[PDB]
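Chemist: Coordinates only, no sequence provided:
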Ligand SMILES: COc1ccc(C2(CNC(=O)[C@](C)(Cc3c[nH]c4ccccc34)NC(=O)Nc3ccc([N+](=O)[O-])cc3)CCCCC2)nc1
């Protein structure tokens, strides 16, 4: 009676997984905008999950209804093989996705993304082949053996992969399964994400929603005059430095040399310099002395809200990044997004981000060179720079979207990993123990609880990955909605 209620829930969840994974694979094949190396691996997963759902459904349906094997040798051997193929694709492809995230963020290459999908198809293909090759033993071991139940003194056909006479081999297979399909892959994923987490950090703060002229009020020219008037300065080309006062990395020294060089000319009076940083006291004083000697220099040695640098970036005409070493270039991307034109050293990220149409590159360590660019900007400033500013905003919002989208992908892959780790550890522990204690019959209620839950947790992982994906990606959700 209430029994005919218990399976219906199983079918509900099985259908949700089948619909979801299928819808996911269909969207990957049908939608060009979503065709990419991460999605190809995710589809690889979705394919592996359907197989598991499909193999397990008759297995589970059968255990609930009858006590005997109803599929025959072919069933007794193909099912373990297909089941185990799934388990490698699942974990190995997750490792491949983790590697993809590492390459995309830690070591962006992509000079010729032409063969990237070509390379990805092969990696997934090989993973399917290796997963099948590792699962070939499951078919050999599993065979039909007559079984006598203590509960009913009756003999039934049984699929049994466990020999009663030989004890050494189960001990070897169990340990290998834990290491090959759990410990080694998760360990590789954790190394990868260690560095991924490392680089996610340099990147923190870059959000298009925040760094935009939408929050600022009034014209840029009007905002600049207000900033200068509060500083007791008249309107002029405004150059900005926001950085720690450190000799080795940021070029506060190079800039201060440059202002010394430019202090002699009649062009200095056309310029205004705001140096916003704190650090070495001697460097801090050189800045203060220049502020006292030159009426066109403002210095700020106090900490400030990203809100107030946002306003400054919009108000200022140019931002100087004289970094002897800048790996990411966050300051330039945030500034260019608000219209500030970067005058930076051609080092690390700055070089890739700043093109000729989007700013001025100088050689680092040359104060004279920096000064000359400052003079160039001065001349450029005479003409309209509105077009350059729009180009800047656009280049920087283009990168900030990829930076943001790839950070989301890293979190989504890690979500997937987490569910897997949690849902598959119990199955591994039960499999190992059983390997040494199969000859003994365990009827303890704890054993049934330990097993009935593991099987449902693993089955849950197969259905949740699409639904999971449905909540972490705005883009996937909209296309999934369209199909339904
Ligand atoms: C929910 O589906 C699961 C749940 C758990 C697993 C395990 C354990 N299940 C099995 O390994 C099955 C898939 C269990 C199984 C074996 N035959 C089956 C037929 C139909 C359904 C399931 C099975 N095969 C197996 O036990 N083979 C085996 C047993 C003993 C020895 N040995 O070391 O003597 C060597 C190999 C645990 C994680 C790592 C390996 C896969 N696999 C699939």
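Modeler: Alright, I've got the coordinates. Residues are numbered from 1 along each chain as shown.
Chemist: can we go C-alpha only for contacts and neighbour counts from here?
Modeler: Will do.
Chemist: Let me see the contact set for the residue of the stretch 101-250 of the chain found nearest the ligand.
Modeler: In the stretch 101-250 of the chain, the residue that lies nearest the ligand is residue 170 (2.5 Å; CA to the nearest ligand atom). Taking CA atoms under 8 Å, 6 or more residues apart in numbering as the criterion, residue 170 is in contact with 162, 435, 436.
Chemist: Try it again at 7 Å.
Modeler: By CA atoms under 7 Å, 6 or more residues apart in numbering, the residues touching residue 170 are residue 435.
Chemist: repeat for residue 313
Modeler: Neighbour list for residue 313: 335, 338, 340 [criterion: CA under 7 Å, 6+ apart].
Chemist: same thing but 8 Å
Modeler: Going by CA under 8 Å, 6+ apart, residue 313 touches 319, 335, 338, 339, 340.
Chemist: Drop anything exposed from these.
Modeler: For those, a burial check counting by 16 or more other CA atoms under 10 Å picks out 319, 335, 338, 339, 340.
Chemist: that older thread, which secondary structure element contains the residue of the stretch 101-250 of the chain closest to the ligand?
Modeler: Per DSSP states H and E: residue 170 is located in helix 168-178.
Chemist: Now the element after that helix, going C-ward?
Modeler: helix 184-202.
Chemist: Spatially central, which residue of this structure would that be?
Modeler: The geometric centre of the chain, computed from its C-alpha atoms, lies nearest to residue 410 (CA atoms, centre = their mean), at 1.8 Å.
Chemist: Name the nearest residue to that residue, sequence neighbours excluded.
Modeler: Spatial nearest neighbour of residue 410, excluding adjacent residues (CA to CA, 6 or more residues apart in numbering): residue 101 at 5.9 Å.
Chemist: What about that neighbour, how many residues nearby?
Modeler: 23 (other CA atoms under 10 Å).
Chemist: Name the secondary structure element that contains it.
Modeler: According to DSSP H and E, residue 101 maps onto helix 72-105.
Chemist: which secondary structure elements does that helix contact?
Modeler: Contact here means 3 or more CA pairs under 8 Å, 6 or more residues apart in numbering; DSSP states H and E; on that basis helix 72-105 packs against helix 37-65, helix 116-141, strand 143-149, strand 154-160, helix 184-202, helix 386-437.
Chemist: Which other helices and strands does the first one contact?
Modeler: If I follow you right, that is helix 37-65. Here helix 37-65 touches helix 6-30, helix 72-105, helix 116-141, helix 445-472, going by 3+ CA pairs under 8 Å, 6+ apart.
Chemist: Tell me which of the ones you listed approaches residue 377 most closely.
Modeler: If you check each of the helices and strands packed on helix 37-65 against residue 377 by CA to CA, helix 72-105 wins as the nearest, at 33.0 Å.
Chemist: is that closest one anywhere near the ligand?
Modeler: Yes. Helix 72-105 lies within reach of the ligand by CA under 6 Å from any ligand atom, at 76, 79, 80, 83.
Chemist: Run the angle between that helix and helix 445-472 for me.
Modeler: For helix 72-105 against helix 445-472, the angle between stretch directions is 50 degrees (axes from the mean of the first three to the mean of the last three CA atoms, to 10 degrees).
Chemist: Please renumber the chain so that the first residue is 32 from this point on.
Modeler: Fine by me, first position is 32 from now on; the one you just mentioned is helix 103-136.
Chemist: Hmm, residue 437 and residue 135 touching each other?
Modeler: Yes. The pair residue 135 / residue 437 is scored as a contact, 7.5 Å apart, by CA atoms under 8 Å.
Chemist: what's around the nearest residue to residue 159 once chain neighbours are set aside, how many residues?
Modeler: In this structure, residue 159 finds its nearest non-sequential neighbour in residue 120, 6.0 Å apart by CA to CA, 6+ apart. Using other CA under 10 Å, residue 120 is surrounded by 29 other residues.
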